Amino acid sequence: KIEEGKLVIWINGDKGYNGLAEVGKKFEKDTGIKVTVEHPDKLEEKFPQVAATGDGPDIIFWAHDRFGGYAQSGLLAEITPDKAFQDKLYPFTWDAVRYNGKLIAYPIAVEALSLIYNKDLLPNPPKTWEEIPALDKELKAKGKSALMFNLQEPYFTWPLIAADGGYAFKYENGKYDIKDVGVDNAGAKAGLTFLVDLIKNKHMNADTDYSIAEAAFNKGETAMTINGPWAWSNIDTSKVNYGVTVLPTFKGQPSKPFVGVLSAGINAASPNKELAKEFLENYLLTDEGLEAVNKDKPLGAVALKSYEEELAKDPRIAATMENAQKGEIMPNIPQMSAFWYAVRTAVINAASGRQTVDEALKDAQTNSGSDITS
């Protein structure tokens, strides 16, 4: 029961929703079409529930991984940007919004982990993971640590695990092969082994989580952390002199973070699809549209080339895009939930010492292929 002749947009409360509303007011001034931006609690849960009825927002904003499940249930309309429009956004961002061969959302922002370092403690941060043990030794003697980051969540630990050849599902032929999982190959074992040795050798603590690591870095206790652009404003409040840079290499190969793409999908039940396309292509995805949003709450890096080129004068943004391009788009397929469970479990079990790396990743291989259709 979506009302015709208006646009209702759903976006999360930590985004620049007042900025997006200003873009909505500009749209209303030109078209006479009222745009209402809302930020309800747990909208990512509400949307699939409410959209199944055939009601809810015309446009929904969320990370692209979640939109695959939405498109599986047929809740998202196929978008129709012409060739000219597609050329305005970075090619890899379009790969992130493709599901069953069709485009199902407009890319808005690009997020990826980077190495965040304290310039005062470490003006020349390490280029390799291999030099961190020696660096920690030096820093401990001065009363600090080298590196603290969230070890509890595989999103944060995966970039090292994937570096020397680990992967989630083989991508080729425009398709993910869910029977070909790369969590238990030589590369994944090498990466996880290095991570566990860091703990064995007292350079990291197995129990370090998001909150502990963030507090420590922002208080000047540790020289480095690994985090995304969402974390920068807390560091800004802390008065630590920090930089953001390329992740360290492992065995001469780049760390490979998963790339998240904030995307705007169109409700398949919306009777305002043409209105939504005009809004998204010609109002939001312009320098002026993204600026309005960015001014309210920063987007980090963006998919729109023209505006990204302005933002990338900030080296933290340049770093984010660099790491993103060395990483991999996060797969959007249902089986990713099994993969995430698998890697989470394996890292905790290996890091705790109750399983060896080989034992833990053997179970990860099995778990990744578990038949999650209940």
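Residue positions are given as counts along the sequence shown, with the first one as 1.
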* Asked: Averaged over C-alpha atoms, is the B-factor higher for 296-304 or for 113-121 in this PDB entry?
  -> 296-304
* Asked: Mean CA B-factor: is it higher for 358-366 or for 8-16?
  -> 8-16
* Structure fact -> Listed options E278, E221, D180, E153: highest C-alpha B factor recorded at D180
* Asked: Hey, out of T286, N267, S263, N201, whose CA B-factor is highest in the deposited coordinates?
  -> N267
* To do: Relative to the other modelled residues of the same chain, rank the CA B-factor of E131 and answer lowest, middle or highest third.
  => lowest
* Structure fact -> Quick tally, chain-level thirds of C-alpha B-factors: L89 sits in the middle
* To do: Ordered by C-alpha B-factor within the chain, which third holds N227? Give me lowest, middle or highest, please.
  => lowest
* Asked: If you rank every modelled residue in this chain by C-alpha B factor, which third holds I235: lowest, middle or highest?
  -> middle
* **Where the record places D82 (Cα B-factor, split into thirds across the chain)** => highest
